[PDB]
Every structure is written in C-alpha cells, then in structure tokens.
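Heads up: the structure comes next, in structure tokens.
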Amino acid sequence: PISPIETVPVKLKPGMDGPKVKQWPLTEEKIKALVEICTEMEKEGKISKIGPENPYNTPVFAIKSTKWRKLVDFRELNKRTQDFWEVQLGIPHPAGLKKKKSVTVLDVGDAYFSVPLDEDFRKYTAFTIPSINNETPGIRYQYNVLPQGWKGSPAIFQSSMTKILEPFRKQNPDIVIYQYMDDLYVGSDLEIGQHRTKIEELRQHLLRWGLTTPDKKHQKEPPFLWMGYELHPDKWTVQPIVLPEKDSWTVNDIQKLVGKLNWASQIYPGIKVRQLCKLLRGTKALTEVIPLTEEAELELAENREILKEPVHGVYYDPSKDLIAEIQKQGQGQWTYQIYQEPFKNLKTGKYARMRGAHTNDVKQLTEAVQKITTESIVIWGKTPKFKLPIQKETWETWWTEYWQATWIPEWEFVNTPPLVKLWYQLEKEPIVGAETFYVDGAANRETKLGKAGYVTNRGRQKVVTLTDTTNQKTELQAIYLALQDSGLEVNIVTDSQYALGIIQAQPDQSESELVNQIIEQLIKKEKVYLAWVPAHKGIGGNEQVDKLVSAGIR
Amino acid sequence: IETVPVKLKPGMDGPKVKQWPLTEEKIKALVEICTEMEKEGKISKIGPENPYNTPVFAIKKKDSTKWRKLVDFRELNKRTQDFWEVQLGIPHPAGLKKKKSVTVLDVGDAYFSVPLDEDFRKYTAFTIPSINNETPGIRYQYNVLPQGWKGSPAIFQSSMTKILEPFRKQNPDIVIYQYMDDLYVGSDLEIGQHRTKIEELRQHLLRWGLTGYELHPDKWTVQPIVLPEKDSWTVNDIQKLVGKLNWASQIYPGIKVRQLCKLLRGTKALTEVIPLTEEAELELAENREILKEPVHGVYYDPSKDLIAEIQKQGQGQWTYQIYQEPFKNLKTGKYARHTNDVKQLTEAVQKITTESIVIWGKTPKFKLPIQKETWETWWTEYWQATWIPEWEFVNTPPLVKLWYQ
Ligand SMILES: NC(=O)c1[nH]c2ccc(Br)cc2c1S(=O)(=O)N1CCCC1
C-alpha cells in the first residue's frame with residue numbers, strides 16, 4: 001500500500017539537469033536477480049517501466065545470508081537535488097520527557113515505499129537493468145514512491161507522517177506520539193485496556209492512510225532501547241555500559257572507553273575522564289599501546305566503582321521547579337545534578353572547558369552555570385534554581401568589580417567543599433612602606449633572545465638573560481623577578497598591558513607555567529599593588545629598566 | 001493588489017539560520033500569535049521543500065503586558081541590501097537630529113496589508129520550536145510584507161508618502177523619517193504643542209489602519225575625557241595622569257606630557273608626593289582645554305559601517321563610543337541606570353542604536369563586553385525594540401575603561 005497522501009513538490013538545484021550516469025554491465029545472475037526484484041516492485045506500484053525517451057540514468061547493482069538485494073546509487077541525483085528542511089533539530093533528552101502509564105512502539109512497515117513521489121520528479125529516478133552482455137537495450141524503470149538512499153526521502157517521509165497524524169492528535173491531545181524515523185512511540189496515562197484500545201484506533205487510522213503497523217502480540221514491551229537509552233514508563237537510564245578488562249590499552253580502546261564514560265555521565269554522577277583523555281594527547285596510530293599513567297589508573301578505578309550497580313533517572317514533572325547543584329571535582333572539573341525532589345536526579349553532567357588561557361574558579365563556575373542554563377532551556381523550557389559552592393559575598397565582590405557583564409539565574413549558597421574563592425587581591429592603591437619595582441622585558445625577534453629585569457626605588461637592580469623568548473614572555477619574566485626578590489608588600493610598575501590584563505583578572509590557573517609561577521608568588525604576598533605606564537616616555541624607573549634590559553637585545 | 005518583484009544578491013541564497021532555544025512561555029505566546037496570523041492569511045504553513053530559516057523570538061515591548069512576535073531578519077536583510085538600499089533606498093534627513101523633540105511611533109501593522117511577491121515568500125520561512133524537540137517545529141512563511149525586513153519599508157514607501165502628505169503640507173517644519181517599523185517625528189514646538197501634533201498624526205495613520213517614545217537630540221551634548229583636578233599629587237597620580245593623557249592623544253591632537261614626565265625623573269616611590277612645577281600645571285592646563293572641545297577632522301562616511309564599543313564602568317554606569325575608523329570618534333556618551341548587568345547592557349544598546357538611527361539613519365555593529373552565550377540566553381528578556389543591531393563579543397581592554405571614566 002502506497003499512501004493516498006498529497007505529494008511534496010520537488011526540484012533540482014538551480015541550473016542543473018537530472019543525472020545521466022551510464023550503467024555498468026552486470027553478471028547474468030545479477031541481471032536475473034534484478035529482473036525478479038523489479039517485476040515484484042512493479043506489480044506493487046512502487047516502480048514503473050519507461051522507455052529510451054526519458055534521458056536520465058542512475059546505476060543499479062545487485063548484492064547478496066543468501067537472498068539478493070537491489071542497490072541504487074543515488075549519489076549523482078543527490079548532488080542535483082534541492083536542499084530540504086532538516087529532519088530533526090535535536091533529539092529529545094529522556095530527562096525532559098514526562099512519566100507515562102502505558103507506552104507502545106509501532107514500527108512503520110515499508111516506510112518510504114508507502115509514500116508517493118512528486119509526479120514531475122519521478123523521471124530523474126530512472127534506472128536501467130542491463131541486457132545480457134550489454135548487447136541489446138535494457139529494462140527501464142522509474143520510481144513512484146520515495147526511494148531508499150534519496151536525499152529528500154527522510155524529510156518527505158516525516159512531513160507526510162506529520163500531516164497524517166494531525167487528525168488523530170486533535171482528537172486525542174492527552175496522548176503523546178513521538179515520530180522517530182520509521183517508528184512511532186505512543187504514550188498515555190490510560191489504563192492498559194483503554195490504551196490498547198487507543199493504539200488499535202491509531203493502528204487503524206494509519207491503515208486508512210496506507211501505513212501498516214505491527215499488531216498487539218507483535219508490538220514490543222518496555223523497556224524500549226532507544227538512542228543509547230533504556231526507557232521504562234516511570235524511569236530511564238543509559239544502555240548497559242561494559243568497561244572492558246584489558247591488560248594492554250590501545251588508542252582505539254581508550255577512545256571507545258572515553259566515549260562510553262562520556263555517555264554514562266548523563267546519569268552516573270561523578271564520572272571523570274580527564275586523566276584518560278590526557279593519554280590521547282599527541283597520539284600514534286589507533287593500534288598503538290598506551291601505558292596507563294598511575295592518575296589514569298585511579299580515574300578508571302574510581303569510574304569502575306561508580307558504574308557497578310545501576311542508576312536510573314526520573315522524568316519531568318512540569319508542575320515543579322528544577323534544582324541544579326554543582327560541585328568542584330578538582331582542577332578545571334565540575335560535576336552537576338538536576339532534580340526536582342531532593343536527590344531524585346532527572347539527570348547528571350560534567351563540565352570541564354578551559355575558556356581562555358588563564359582563568360579562575362569564579363569564572364569557571366559561572367561558565368558551568370551558563371552551560372547548564374542553556375541545556376535547561378533546551379530540555380525543559382525553563383531555567384533551574386541553582387545551588388552553588390560559592391559564598392554570595394564572594395560572587396558579588398567579583399562580578400561587581402570585573403569588566404565583563406554577567407547574570408546568573410536565581411541561586412543560593414550551599415556548603416559543599418571545596419568552596420569557590422579568590423586566592424589573592426590586588427591593591428586599589430600604592431602601599432606605603434613598600435619597595436617599588438619598575439619592571440621590563442625585551443626580546444630580539446631575529447635571535448629570539450631577550451632579557452627580563454627590574455630597578456627599585458630602594459637601590460636594587462637585576463637583569464636576567466633568556467634564550468628562546470618573545471616580548472610577552474620577557475614582560476612576564478620581569479614581573480616574576482620582582483615578586484621573587486620583594487618579600488610581602490610590593491609595588492610593581494610595568495609598561496605591559498598584556499601582563500597587566502592577565503594579572504588584573506585574578507587567575508588561579510593557566511596554560512602558561514610561567515603564569516602559574518607568578519600566581520603561586522601572588523598568593524604568598526600580603527599586599528601587591530600593580531600599575532601600568534606607557535613605554536618610551538620619560539617615566540622614571542621605567543626609562544632605567546628599559547635601558548638596562550634593552551642592552552644587547554635591541 | 002500587485003507585488004513588487006524582489007531578488008537576492010546575485011549567486012546568493014536564502015538565509016539558513018538556526019532557531020535558538022525558547023522558553024515554554026515564549027513558545028506558547030508565539031503559537032498563539034501565529035495561529036491568529038495564519039487564520040488572517042498573513043503567513044501560511046510550509047513543507048519540507050523549503051530549506052530556509054530565520055530565527056524568531058517573543059518580546060514584551062515597553063510598558064505592555066502583551067507578547068509581541070519578533071523576527072530576526074538580520075541575515076535576509078544582508079542578502080537583500082541592493083533592494084532596500086540602492087534600488088529602493090529611503091533618504092535620511094539631516095535636520096532630524098536638530099529638533100528639540102523627537103517622537104518614535106511604531107508603524108509595523110501597516111505592512112500586513114501589502115502582499116509579498118510569491119517568488120520571494122519562501123525566504124521568509126521561520127520555525128516555532130517545541131520543548132525537548134518532542135514534536136516537530138511549526139513551519140511558516142509570510143504572505144505579506146513582514147515586520148523587521150528592511151524590504152518592507154522600502155516597498156511601502158510610496159503609500160507612506162501618500163499617507164503623510166496632508167500632515168506634511170500643513171506642518172512644513174516637522175520632520176518625519178521612517179526607519180524599519182518606526183516613524184521618527186521631530187519638531188521644535190513647545191512640548192504640549194509637540195504632543196498635540198503627534199496625536200494629530202496618529203489620527204491620520206488611523207484612517208489607513210496603522211495605530212510614543214520621546215527623545216531630545218538637540219540636548220545630546222558632550223561626554224569628554226576628563227582629567228583630575230587636585231592638590232597634592234603623587235608619583236602614582238602623575239603616572240596615571242600621563243597614561244590617560246598619552247592615550248587621550250591619538251584621538252586628540254595637542255596633548256603634551258614632557259613637563260608632566262619631567263616631574264618624574266629618577267626611580268621614585270609611588271607614594272611620593274611631588275609638587276607640580278608651574279611649568280607642568282600649564283601643560284594639563286592646555287590639555288584640559290584641548291579635551292573640552294570636539295575632534296576636528298572626523299566626519300561621517302556613508303559608505304562605511306558604524307561601530308560602537310561599550311565599557312562596564314560599575315555601579316550602574318556604562319560608557320560608549322561610536323566610530324568608523326578606530327580613534328575617530330563620531331560620538332561618545334554614557335548610559336546610567338531591579339537591574340543586572342545584562343538588563344543594563346540591553347538598554348544601553350537600544351539607546352545607542354536609536355540615537356544612531358536618528359543621527360545617521362543606520363545602526364552600529366556592537367562589540368559587547370559579555371560572554372556570547374550569556375547574552376544569547378538573556379537579551380530578549382529585556383529587549384523592547386522592533387529592530388536588532390549586529391553584534392560581536394569582546395573582552396574589554398583593561399585601561400580603555402579608566403580612560404573613559
Ligand atoms: N513525550 C513523552 O513525554 C514520553 N514520555 C515517556 C516515558 C516513558 C517512555 Br517508555 C516513553 C515516553 C514518551 S514518548 O513515547 O513520547 N517518546 C519516547 C522517545 C522520546 C519520546
């Protein structure tokens with residue numbers, strides 16, 4: 001049965017004609033297998049014979065566990081076909097679904113082959129069964145329905161199924177139907193008897209539209225394995241995750257493990273991947289063995305422990321608020337959970353992202369909130385109420401003084417260490433009784449060598465030589481010198497906007513080990529005031545460290 | 001009625017811009033709005049064979065409880081710039097910025113009485129998404145001039161002129177400028193008299209279907225770079241002063257620092273009070289004078305885009321500069337304030353855009369001191385305007401903020 005549904009008009013891309021690819025000669029057994037397949041398809045309205053008048057062509061092949069299959073290579077027609085609207089804009093997350101009393105899945109029989117193809121387009125679907133040893137013509141057909149492997153099939157199928165379902169939906173708004181490829185998931189809160197009854201009424205409304213579906217006795221029982229998930233009407237989990245037992249790990253084994261651990265992270269809280277991931281850095285062939293670092297071994301063990309014993313999530317109650325909680329798991333690692341009723345998770349997740357080169361826990365926490373806020377809008381249409389391991393004073397102090405704008409949705413502090421905090425502060429004013437260090441760095445672009453140094457108001461001076469640097473590196477090297485030689489309380493004056501910008505943002509972690517050394521020093525001080533002056537002016541101490549540091553390096 | 005043919009920019013396709021995720025209440029407001037437009041024939045449902053897309057949102061719109069649908073035609077506007085700008089461009093009047101009073105009126109309803117060329121409709125496609133992607137998006141395209149598309153005012157131009165004709169004849173000294181979905185009405189009348197003429201204008205629009213915001217461009221003055229005035233100057237204070245002066249120059253010609261720097265010779269402590277040799281005081285003396293005046297040499301170039309930079313100053317304050325060439329400031333200003341950073345930045349942007357429309361007839365491309373994603377999720381929460389400017393996301397330079405405080 002081909003559906004009586006109206007047809008979707010189709011077009012070739014602008015300034016293009018249909019495909020005209022010649023048919024390769026086939027073996028006799030293949031021609032034969034194809035003649036049988038087509039006569040059957042023709043005797044069902046799926047395809048139709050045409051002549052040598054239509055000028056387009058698409059290759060056909062035949063392949064074989066011992067039954068023949070027809071293969072049409074639509075590559076060329078696909079390149080000439082217009083673009084369509086995307087089939088799915090995203091897939092639902094199970095955490096966002098509502099709990100259901102009864103749920104069934106109907107798989108649509110011969111999906112594509114039940115929807116008609118635009119009359120004016122059929123012509124470009126022309127294929128030829130060749131004659132024996134090519135001597136002679138060939139049998140020529142064209143499609144009447146949506147072809148397997150054709151660009152427009154998926155979208156046209158789904159649109160047709162959407163048009164066909166509307167009538168039913170209106171008369172049964174208390175019923176959910178989700179369209180996925182050629183399956184239909186049907187959910188209701190009805191008693192088993194009236195659900196079975198509404199299915200049948202559905203199965204028959206579809207039948208009237210040229211679409212077949214399995215009957216009771218033939219339709220599967222929950223749990224439904226779908227998209228890597230296992231769905232029960234009252235709960236959800238990810239499909240069974242087996243972490244292999246291996247004596248030797250190859251890159252391909254670590255990549256697969258990492259992907260399974262990332263997948264499990266949606267519901268198993270605390271899953272970690274950073275040490276395992278560090279191992280995939282650099283990398284050789286997919287086949288090369290990688291010794292597991294210690295760290296990697298502890299992470300695996302910790303993950304293994306989290307994974308023994310199933311964990312399931314609950315579904316969404318739209319009448320209740322969503323609560324999201326976040327914990328710092330370590331350096332750059334964040335983990336979160338979302339619930340509506342304390343401790344019954346709808347879902348879990350982790351966030352790691354390094355945003356920039358130098359950063360702090362205040363900025364990372366706030367980026368994690370943003371990532372969760374976005375995900376929430378997607379899954380539930382609303383933002384959650386957050387519980388953060390950061391004191392309210394800490395947050396407002398930071399957001400208030402920083403130069404970038406921000407806004408978090410409603411949140412409350414929660415005492416779950418480690419608590420988020422700033423590790424040092426720069427003074428707003430120069431320290432009285434503090435030695436002033438005027439710093440500077442210089443680097444030669446040709447030789448790549450440079451010098452970093454300082455001159456203080458209290459007599460001191462120093463210049464150090466560096467060999468494979470950059471100006472930026474010298475300027476940071478200069479600041480570090482001043483922090484090493486100064487003792488608590490110091491005033492540092494630099495001409496580097498670059499180094500200033502970095503330090504003013506109160507970094508606690510960096511990609512640069514030099515930056516990390518500066519940070520470790522900054523946390524040790526009592527008071528640090530840092531200021532900037534334009535280079536190449538007469539500015540006191542500056543003009544002096546500049547000449548000192550320029551010597552031989554410009 | 002007949003339709004004006006519309007073409008894209010040669011070898012240029014339609015927009016295929018992703019629909020951002022919307023909250024439950026904005027999705028429901030849109031479903032409601034769109035169901036009513038469709039019933040009235042303004043838009044129709046479309047098939048999978050339309051691969052185009054333009055984003056859509058819902059806004060409240062100044063002191064109104066009602067939801068307004070807002071279509072983001074930024075991309076389509078880019079793909080149709082020869083049509084609305086060269087083919088059917090709307091002249092911008094230079095006298096507008098001079099009027100004492102400018103009133104902004106929303107005239108977008110005018111558009112739905114005009115039909116859109118059948119062969120262009122497909123490019124106006126947009127989608128209403130569902131939560132969790134549990135159902136397919138509701139797909140539509142327009143049958144009439146859409147709001148937010150710069151082709152609509154260009155096409156409706158002739159009818160607008162017929163409509164405003166008697167009022168303009170009767171009031172030779174009032175300037176009326178259309179920009180996108182709004183009308184800008186300026187006069188030099190006393191305020192009650194200005195408001196009276198505005199109500200009269202509303203009566204004329206009302207005879208043709210159509211059915212405000214109050215500026216004072218003439219009162220749009222300065223916003224210099226200010227220098228500190230003080231007794232007892234520190235080494236630290238002097239450095240900060242030359243730093244700011246040094247930066248002031250590059251934009252301002254004449255700024256001098258030698259004397260200020262001469263004050264700083266040797267390797268001094270920051271907390272060292274240093275008496276200003278009169279030679280110096282005469283320097284920031286003339287600099288202070290330099291800074292109080294305008295640029296000189298900077299003019300608007302109509303063939304160039306306008307850029308706007310904004311700095312978060314703290315405690316409700318924001319600074320901004322509009323220019324085409326960096327350092328060649330056409331305008332500078334400030335904006336001051338339940339208000340978060342996003343809500344305040346959102347109002348500053350709309351405020352800067354409106355002045356820019358009034359002054360030059362075009363919107364600036366904004367460089368926003370905010371994380372993209374934060375802006376993306378929050379902006380429509382406080383957006384009230386019917387247009388949307390172009391924007392980028394930047395990280396404010398450390399000193400730039402202090403130099404504009
Ligand atoms: N729309 C829903 O809220 C919904 N809720 C469910 C709960 C459990 C099961 Br099993 C299926 C469901 C469904 S469903 O059947 O539509 N569909 C399952 C795949 C994604 C949505």
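Order of listing sets the numbers, starting from 1, for every ligand and every atom in it. Any value given below was found using the heavy atoms of this structure, including those in side chains, with hydrogens, waters and symmetry copies removed. The chains referred to below are lettered A, B, ... by the order of the sequence lines, with proteins before strands, and numbering in each begins at 1.
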Logged contact type for A/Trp236 with ligand 1, heavy-atom cut-off 4.0 Å, is neither
Quick look: A/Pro233 vs ligand 1, heavy-atom contacts under 4.0 Å, and the answer is backbone
[Y] six-ring face occupied by [X] cation (under 6.0 Å, within 45°):
X        : Y        : result
A/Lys100 : A/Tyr315 : no
A/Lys79  : A/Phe74  : no
B/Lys26  : B/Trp67  : no

Shortest protein heavy-atom distance from [atom], along with the residue and atom involved:
atom                    : value
atom 11 (C) of ligand 1 : A/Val103 CG2, 3.6 Å
atom 15 (O) of ligand 1 : A/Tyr185 CB, 3.2 Å
atom 21 (C) of ligand 1 : A/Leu97 CD2, 3.4 Å
atom 19 (C) of ligand 1 : A/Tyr178 CD2, 3.7 Å
atom 8 (C) of ligand 1  : A/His232 O, 3.2 Å
atom 18 (C) of ligand 1 : A/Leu231 CD1, 3.8 Å

How close do A/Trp334 and A/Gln364 get, heavy atom to heavy atom, and via which atoms?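 In this case the closest contact between A/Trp334 and A/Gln364 is NE1-OE1, 2.8 Å.
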All heavy atoms of A/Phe157 vs all of A/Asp182, minimum pair found to be CE2-CA, 4.3 Å
Restricting to heavy atoms, the pick from A/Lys98, A/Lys99, A/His93 nearest atom 7 (C) of ligand 1 would be A/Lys98
The atoms of ligand 1 lying under 4.0 Å from a heavy atom of A/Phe224, numbered in the order shown, are 10 (Br)
Review point. By number and element, which atoms of ligand 1 are closer than 4.0 Å to a non-hydrogen atom of A/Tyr315?
Key: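 Selected atoms, number and element: 7 (C), 8 (C).
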Separation between CG (A/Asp189) and CD1 (A/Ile175), nearest 0.5 Å, reads 10.0 Å
Problem set entry | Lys/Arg N to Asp/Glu carboxylate O, A/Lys371 vs A/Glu375, below 4.0 Å | yes
query: Do NZ/NE/NH1/NH2 and the carboxylate oxygens of A/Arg169 and A/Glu166 come within less than 4.0 Å?
result: no
